[PDB]
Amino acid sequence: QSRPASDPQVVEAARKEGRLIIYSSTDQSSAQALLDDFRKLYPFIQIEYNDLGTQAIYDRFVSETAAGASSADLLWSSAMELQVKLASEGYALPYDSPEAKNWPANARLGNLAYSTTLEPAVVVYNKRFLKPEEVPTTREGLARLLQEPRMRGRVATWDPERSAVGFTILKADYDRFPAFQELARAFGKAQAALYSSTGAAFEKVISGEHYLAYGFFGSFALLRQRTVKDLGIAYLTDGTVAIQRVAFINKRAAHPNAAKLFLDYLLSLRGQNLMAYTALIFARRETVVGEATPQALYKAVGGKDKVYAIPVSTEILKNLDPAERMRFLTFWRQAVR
């Protein structure tokens, strides 16, 4: 009774194909439950899951296509600007997902690419050093906390010069919230350490070498919290930036119908529910019940209007413009040093 909406012509052509190749940035141990469940629905499809860095996905896909080689059927990546760039340059199979009828226009590049997640950039902290009631939930509040001598060298955030996702998140913050400028200068005052990776930042918070990290995905925070009871999460109430992992089907898929079934599964309530519940990846689909969901996120930030979803839109390509990049990085480097 929860099987994704299927075109019978598509399921029958997927049987003949009987294979699916995925290039994905989602860690395989996070995706596993979805792969196993997809196979229970479509046990006639053999999956090749390639778990790759977001740059690897873009380079590898661009290479194979250009050399004319067989590449991925489906590309699934948290690098929104690179996915949107490929899908707006002829790399994407146009396909109207029957599971995406209620997707907001800003969660889909028409029929070229789809959001699969709505993941908030949050504050994480070490509850042995900071109690929940003293962790501010606004940029101005965090800027105030970081004036305290006890916070000097105790703060982590992204290095937007070494992380594409870190860039997306901090740039969205800078473009949307004036108070971000005060907070960036406070990272300077506090001698914030910058990280190219969520895991390197989280390790230092768990160790107590930092007490607080700003701008990391709630999905990773929740996943680590399962293991680590001293990890606190605070949601920003003056405005939260959310990233959307983008999926699209290769225009040249060898198995385009298998890729439609998997894209439909990723978007369905069955797939979105399993992703939220088992992977603790914040779902896109608003009907999912549980902690890693739009409803839970909206209650935590004080309403839907306080979440800015980075859109699945060619408008985000301004982030790749050298002049725009430079203006942001010029401000950033001046403020945080």
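All residue numbers refer to positions in the sequence shown, first residue = 1.
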Exercise. Between 116-124 and 225-233, name whichever shows the higher mean Cα B factor according to the PDB entry.
Key: 225-233
Exercise. On mean C-alpha B-factor from the PDB entry, just flag whether 258-266 or 240-248 is the higher one.
Key: 258-266
Quiz item: Among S207, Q181, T157, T138, where is the Cα temperature factor highest, going by the PDB entry?
Solution: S207
Quiz item: Relative to the other modelled residues in the chain, which third contains the C-alpha temperature factor of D173: lowest, middle or highest?
Solution: lowest
Quiz prompt | CA B-factor placement of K299, once the chain's modelled residues are sorted into thirds | solution = middle
Quiz item: For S97, does the deposited CA B-factor place it in the lowest, middle or highest third of the chain?
Solution: middle
Quiz item: With respect to C-alpha B-factor, does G290 fall in the lowest, middle or highest third of the chain as deposited?
Solution: middle
Self-check item: CA B-factor ranking of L130, expressed as a third of its chain
Solution: middle
